[PDB]
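Inspection log for the structure reproduced underneath, given as structure tokens.
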Amino acid sequence: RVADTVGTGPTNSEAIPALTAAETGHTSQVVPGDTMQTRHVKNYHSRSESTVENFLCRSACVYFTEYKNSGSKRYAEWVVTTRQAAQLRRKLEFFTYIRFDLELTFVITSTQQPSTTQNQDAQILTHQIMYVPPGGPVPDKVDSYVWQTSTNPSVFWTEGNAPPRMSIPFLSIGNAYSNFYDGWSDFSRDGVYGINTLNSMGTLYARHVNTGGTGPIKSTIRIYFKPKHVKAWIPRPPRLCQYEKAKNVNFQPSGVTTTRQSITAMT
Amino acid sequence: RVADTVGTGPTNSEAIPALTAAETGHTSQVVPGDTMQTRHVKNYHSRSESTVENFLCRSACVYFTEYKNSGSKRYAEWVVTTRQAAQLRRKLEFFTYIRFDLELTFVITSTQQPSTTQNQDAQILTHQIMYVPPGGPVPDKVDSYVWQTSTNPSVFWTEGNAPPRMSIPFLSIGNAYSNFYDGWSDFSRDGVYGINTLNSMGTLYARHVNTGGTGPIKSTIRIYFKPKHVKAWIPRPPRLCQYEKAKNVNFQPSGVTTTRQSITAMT
Amino acid sequence: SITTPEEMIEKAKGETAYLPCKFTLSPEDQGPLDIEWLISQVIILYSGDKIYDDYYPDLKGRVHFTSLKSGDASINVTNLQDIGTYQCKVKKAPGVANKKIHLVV
Amino acid sequence: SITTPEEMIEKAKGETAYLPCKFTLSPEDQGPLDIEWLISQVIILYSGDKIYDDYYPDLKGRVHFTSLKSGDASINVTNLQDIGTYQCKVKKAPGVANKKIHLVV
Amino acid sequence: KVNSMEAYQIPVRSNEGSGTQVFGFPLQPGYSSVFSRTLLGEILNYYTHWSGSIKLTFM
Amino acid sequence: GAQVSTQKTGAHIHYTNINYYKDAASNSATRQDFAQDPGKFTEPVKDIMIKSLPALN
Amino acid sequence: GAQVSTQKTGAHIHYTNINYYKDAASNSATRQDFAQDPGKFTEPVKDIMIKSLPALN
Amino acid sequence: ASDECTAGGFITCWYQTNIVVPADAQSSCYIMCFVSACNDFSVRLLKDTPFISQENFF
Amino acid sequence: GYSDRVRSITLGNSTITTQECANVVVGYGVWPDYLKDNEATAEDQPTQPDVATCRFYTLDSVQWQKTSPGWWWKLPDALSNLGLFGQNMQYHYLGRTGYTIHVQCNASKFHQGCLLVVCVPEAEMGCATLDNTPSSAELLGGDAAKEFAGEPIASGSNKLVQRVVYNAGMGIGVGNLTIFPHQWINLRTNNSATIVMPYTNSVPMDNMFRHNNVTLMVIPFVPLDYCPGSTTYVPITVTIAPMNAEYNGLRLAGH
Amino acid sequence: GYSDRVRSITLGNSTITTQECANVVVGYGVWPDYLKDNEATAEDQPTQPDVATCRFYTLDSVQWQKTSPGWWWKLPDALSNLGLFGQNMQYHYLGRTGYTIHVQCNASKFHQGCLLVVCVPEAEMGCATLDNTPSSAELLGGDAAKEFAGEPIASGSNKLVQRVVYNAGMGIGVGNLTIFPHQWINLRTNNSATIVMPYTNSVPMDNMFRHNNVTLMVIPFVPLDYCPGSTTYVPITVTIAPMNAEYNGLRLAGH
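Protein chains in written order, with our numbering: chain A, -16 to 250; chain B, -16 to 250; chain C, 78 to 182; chain D, 78 to 182; chain E, 148 to 206; chain F, 4 to 60; chain G, 4 to 60; chain H, 3 to 60; chain I, 85 to 339; chain J, 85 to 339.
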């Protein structure tokens, strides 16, 4: 619940609450009553929806890839990383370090690709989403032994069912995911520099269990990340310039702020 | 929870913890503080995911067979055995004897086979999975009296439903499944030699309850085994060479280990 | 199931060659016993408790079961000339096993 | 993964040009290493632990790996004339990275 | 030598010198070939994250 | 073993939560955590600066 | 007849389990069994060998 | 798996002196090395092993 | 005074004495004992000789050449033809027994070498040809060395067991074998190794002819090396003593 | 059981193990300790790494030929260029530290010999020419043997230090040196010798570059003798570990 205002009458004293010294770095804790007369108003407003958990708990798509059931791209391979998208990435960046559990949800959508094969009566499609942990064997063809599933966590979802949702516990060798890393993987300081060097969360593979039918069908899989049980440390200024790459913080110089007419203009 | 380290200062004594005798077969129980100076670090890490139950509880496909709704192969007959696959088989072998309950899950997928019959408007497919216990009557045609089901446990699953999952209690005449058997079934010592002689767990039959439609449809059934309530005895070294057969341990001689450049090389 | 499935039996011309196909049946196996012999094509067949010559010209009246459902399906080919791989396929509904024998001389 | 993916290497005619394609592999990367070099089309290929000339007429016998799976895929093109963008595409199943080098003189 | 029992033996001998290196390998119980097929290393290859000490016992 | 907590209502009610999965990483989001402390970022000075008193004496 | 046990949480919570099927072979996996004894395989010698004391006297 | 961020370190052996032997005795000795995990070893994140392989069911 | 090296094991009517020996390895920590009634499955009154069978049997010595890859003995098969342990094994159907393996190999101070004396339960081995299994008398040996061969066994239409030492015939790393109860015979310090093996089978009792529960494998990790002038024929002799023999199902002799 | 020979010394992050060793000689009976405040004279807060500097440093091995007269190491100078002990020595002005000298020389049972491992405080040495003193790099050696020479050093217009072994370069009887803490390396029984030396200086602290308080001298009283066929290159390696390092007067690096 937010703090309320306290009444004040006219004042005339040596003490000055307004005049301060911003050089110290202490933001003045001045309430409205300090520089005027105010009534006693009980503010029942609550800072409930501004909580870090409520701020970042919304499901937000990070990456969508499309795999056909017949042709060159039989299966889809995406390295896990929240940097691919923009809205969720920017939300997370606000904090230099962050420690959150994940609740991945997959929205899979099929589409009969235009073709000329007749008597297209396809049976219900079945899909498999496999999470390869880093250092694990990775599939090369749609039907390799890796797809059989030995110990990796995979979910089998027939089309038309409620979208699959598997929760992921915090997965980081360190004590918190580092949103920003001012360091190189190599002690020599030569090589990749940035968040990509320390963040590896495995790879995600999506394939058609059954070909489905005579005609080609293209399956779009959308991956949604919702941070839960989030704890954030060291708040940082929000990214002002548009993102240009996923593996680095490189940016294009942009105006501090959208301009207005004059210094006295009100638009 | 894992044990933690204990602090130690400089030492100078007759007692030697490092110098030992590996001939005895006792692996030295030397903590880090014995051969250096170490601080008191409370290790909160837990050996929870290395438990035998957590190690082998992952669902893992063992065998997939494909049966058409019209043609030569109307029904699919697979003898139950975890040796057909590689990942789950290797996981189980780590222990000479093992006693686990089973939770079979079947992932069935249909596919409209290319043909020329027109007006292919197939109705929803219905499948039946029947477990014939050893010594029980076995179906010869897709429509024999055996399919009617007298006492054998069978599951009827219409396509598009959640995949069928029936749990199996421990099924072994002995007191534990023997992963390795250095013995012959015949007292004379002439005949089959190995795990196949003592492990018979019955046969699995899968068929189309209804033909489904005018056009031919091929149904792929994938069988998943997840050991539960597992108890393992006598740990053994993991299978170094690639498996060549399902009924025997026969192997092709392979290098102890992948080679490197020299004895001082760091790659 | 069949004992020693890969075998190489070399025998001189003029004497009967004994080709063993001894098999052991699992408890799960409860099916009609179909024993078929192939050469590289069908030499003999055993279905419905009867033996079939199968009109093979190269080996007619020279091939017979030495023993049967007891577990023996061996063949004593007589008066060899015949060189090839002899495949014996005992058949059961849960599992069908085959044995290949290379014959020399 | 590849160090300095955009590069502009200008070198005078007559001396070998060293084109670096040093790469670092993520833990998630466990795939066959396919290194392919392109010019603006395929100069060299590395699949199955072997090097391929690829019969490129402009650069045959003048292009070789300076070092390998260790992390180096550089090329020392010899006896330049060749001006163009040289693209090095180290390949892994989770991620495939490419490096473009503009060569002058 | 990976195709013989010579893979395990580490060779030492009386040489007229001192400080000569006997062997050497990186601490990668999972990835390093030296440790990959050892009982600790092979079980480790069934996991992704590892932490703790190692008792290298030289006989 | 059900945990009963107050629902988020207006100003000027109970709901029952039972943890089904034993993993504990599957628990619903812990939204009801209204705790704040601006001192870490706002007013980070080592020596207290009373607002009424002059800042730089 | 519900059994309440602690959920697997981090270091530095309860869940409720009710057995529906009476067969008892249908019960969920018993993952929470953190018991170990290395003596059977490690240190299998008949006579105790104190690490500090010399091994072969 | 290998990673520049988490390089474990280097383990090596050297001759502090020389392996001196008397006459009529071999001067080429061998040394065996064993590996084990201390009582403070932990693992997490199960994955399928990359050493096993399979083409078709056996 | 006291000394750890010296040890004397007495069983039945035959005892052994080792001046230099390493501590005995007691199997998996379970000293062998008779079948308790909580887990019995044979209703017949078991015969327990307890002296006639529980005695130290000395098998045939084998030479440890500098070129010798290894040796394996199927313990039940090894004693099938020696004394009453063999006779009672031939007669009775079921047989349960613990083992007291002891391998002796003594060499002078100037010899060098190292053996791995390890007993492996369920040593299912693989034939040279993948399709067929090894035959008896190739896999098994009666008081016979059954030596390993370093070279990979040629794979043809035969039933020769893979003797590849670097795989131990089980397609597993030979170094990783240490998991099984094991004692090393480093010539420099200990000339003898003793493992007391409990009865390790999934069933309360099993026919010894039908199946061999444990197999003693001696694999020289470091080859024997000696300067000219030393004894060139240093043997390895194995003395296996059964313990707590318990037999059921008396029938006519044979198999 | 117990055994006097075996001993294990752990310091910092590096420990040493000696199977055969004679009892450690603890200096003059005073185990080294940090400077007590009853006798301090530097008012600056001393830095005490206590792990970074107090660790076993292994110097360069030296060959013990049958013709080798002896060797001397100025302990402070020897470690001047090794690790933080060297870095902190270069930076700080004053330096007080105890020493844990350990000399290793292993030989087979058929070798013979005898060393005198003795640490001498204030080993002021004499130049070949009486009028001038020896120069640095002749008297001192960085990780260098600084070997003694049996023949008297020719005396000319030079600064060569007298390496005469029968005088030890100090014009004193080498046999009488025993007064200083000393441990013998008789090859027949002990292959190692350890002396723990306390900080022995007249002032509470002294600059280590300015003056070397103690010098480890290894003088073979009985020459190495072996019959043909034995190893002819038996080295002597010295591992000196500092203890209780205490440094004052932080300045810019150099000297």
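Just so it is clear, CB atoms sit at the ideal spot from N, CA and C, and this is done for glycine as well.
> Between which two residues does the beta strand (DSSP E) harbouring A:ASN37 extend?
Replying inline: First-last for A:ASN37: 35 to 39, but that is the alpha helix (DSSP H), not the beta strand (DSSP E).
Item checked: Neighbour list for I:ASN260 in chain E, Cβ cutoff strictly below 8 Å -> Result: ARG184, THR185, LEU186, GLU189.
Starting from C:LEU96, trace the beta strand (DSSP E) in both directions and tell me its first and last residue.
Annotation: the continuous beta strand (DSSP E) that includes C:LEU96 extends over 94 to 96.
Exercise for the section: Identify the continuous beta strand (DSSP E) that holds I:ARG180 and give its terminal residues. Expected result: Taken as a continuous stretch (DSSP letters only), the beta strand (DSSP E) holding I:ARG180 covers 176 to 188.
Margin query: Just to confirm my understanding: we take A:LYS214, look at its own chain, exclude 5 residues before and 5 after, and list those with CB closer than 6 Å. What are they?
Written below: Here the set comprises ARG82.
* In three-state terms, what does DSSP make of F:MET52? -> In the structure shown, the three-state DSSP call for F:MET52 is coil.
If contacts are defined as beta-carbon pairs under 8 Å, then F:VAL7 and F:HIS15 qualify, I think. What distance do you get, rounded to the angstrom? Between F:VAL7 and F:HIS15 a beta carbon distance of about 24 Å is seen, past the 8 Å cut, so the two are scored as non-contacting.
Worksheet item: Under the three-state reduction of DSSP, which class applies to B:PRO122: helix, strand or coil?
Response: It is coil, neither helix nor strand.
### Query
Over what stretch of residues does the beta strand (DSSP E) that includes J:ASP309 continue unbroken?
Going by DSSP, J:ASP309 is part of the beta strand (DSSP E) stretching over 306 to 309.
- How is B:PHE89 classed by DSSP in three states: helix, strand or coil? Three-state result, B:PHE89: strand.
| query | Looking at the C-beta of B:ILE200, does it have a partner C-beta in chain A at a distance below 8 Å? | reply | Interface residue, yes.
Q. Looking at the unbroken beta strand (DSSP E) that takes in C:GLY161, where does it start and where does it end?
A. Here the beta strand (DSSP E) through C:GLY161 covers 161 to 168.
Review point. Nearest-angstrom Cα distance between I:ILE303 and I:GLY182?
Key: The alpha-carbon atoms of I:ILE303 and I:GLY182 are separated by roughly 23 Å.
**Report entry** Residues that I:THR284 contacts on chain B, provided the C-beta gap is smaller than 9 Å
**Finding:** Listed along the chain, the chain B residues whose CB falls inside 9 Å of the CB of I:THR284 are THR79, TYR80, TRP216, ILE217.
>> Just list the residues that DSSP pairs I:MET327 with in beta bridges.
In response: Beta-bridge pairing links I:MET327 to I:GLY182.
For B:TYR128, three-class secondary structure by DSSP = In this structure, B:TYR128 counts as helix in the three-state DSSP scheme.
Next item on the list: Please confirm if the region 11 to 23 of chain A is in contact with the region 38 to 47 of chain A, defined as three or more CB-CB distances below 8 Å between the two stretches.
Entry: Segments in contact, no.
With DSSP as the reference, label B:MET249 as helix, strand or coil.
-> Correct three-state label for B:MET249: coil.
Give the list of continuous alpha helix (DSSP H) stretches no shorter than 4 residues that lie fully inside the region 141 to 222 of chain A. Every unbroken stretch of the alpha helix (DSSP H) spanning 4 or more residues and falling wholly within the region 141 to 222 of chain A is given here in chain order: 178 to 181.
Handout entry: Cα-Cα separation between A:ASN182 and B:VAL239, rounded to whole angstroms
Key = Pairing A:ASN182 with B:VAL239, the inter-Cα distance amounts to about 34 Å.
Practice item. Verify the contact flag: B:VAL62, CB atom, against every heavy atom of the ligand SAH, threshold strictly below 7 Å. Key: Annotation note on the ligand SAH: not contained in the displayed structure, which lists no ligands.
**Item:** Span separating the alpha-carbon of A:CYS44 from that of G:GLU46
**Value:** Between A:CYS44 and G:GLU46, the C-alpha separation is close to 53 Å.
(message) In the DSSP assignment, the beta strand (DSSP E) including E:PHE172 goes from what residue to what residue?
(response) Run containing E:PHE172: 168 to 173, per the beta strand (DSSP E) assignment.
- 8 Å Cβ cutoff, D:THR101 in contact with chain H: True, the Cβ-Cβ gap to chain H drops below 8 Å.
message = What does the alpha-carbon distance come out to for the pair A:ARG30 and A:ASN(-5)?
response = Rounded to the nearest whole angstrom, the C-alpha separation of A:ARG30 and A:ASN(-5) is 34 Å.
Practice task
For E:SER183, name the three-state secondary structure that DSSP assigns.
Solution key: Under the three-state reduction of DSSP, E:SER183 is assigned to helix.
Exercise for the section: Taking the CB atoms as reference points, tell me whether I:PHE169 and I:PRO326 lie closer together than 8 Å. Expected result: Yes, the pair counts as a contact, with Cβ atoms nearer than the cut-off.
Give me the residue from H:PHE43, H:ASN58, H:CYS31 with the minimum Cα distance to B:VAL(-15). Just measuring C-alpha positions, the residue of H:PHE43, H:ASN58, H:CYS31 sitting nearest B:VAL(-15) is H:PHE43.
Problem - Straight-line gap, B:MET184 to E:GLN168 (C-alpha atoms, nearest Å) - result: Each residue's CA atom was taken as its position, placing B:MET184 and E:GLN168 some 56 Å apart.
Are the beta-carbon atoms of G:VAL48 and B:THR10 separated by less than 8 Å? Against a cut-off of 8 Å, the Cβ pair of B:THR10 and G:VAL48 comes out as no contact.
request  = State buried or exposed for C:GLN164, treating a residue as buried only when at least 16 other CB atoms are found within 10 Å of its CB.
outcome  = By the 10 Å Cβ count, C:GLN164 comes out buried.
Can we say the region 46 to 55 of chain H touches the region 108 to 127 of chain A, given the rule of at least three CB pairs closer than 8 Å?
-> Flag = yes, the region 46 to 55 of chain H and the region 108 to 127 of chain A touch.
| said: Our contact map puts A:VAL192 next to B:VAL138 with C-beta atoms below 8 Å; I'd like the distance itself, whole angstroms only. | reply: About 19 Å; that fails the 8 Å criterion.
**As assigned by DSSP and simplified to three states, the class of B:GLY238** = Judged by DSSP in its simplified three-state form, B:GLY238 adopts coil rather than helix or strand.
Checklist entry - Does the distance from the C-beta atom of I:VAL298 to that of I:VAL204 stay below 8 Å? => result The answer is yes: Cβ separation under 8 Å.
Could you give the DSSP three-state label for D:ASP111: helix, strand or coil?
Three-state result, D:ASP111: strand.
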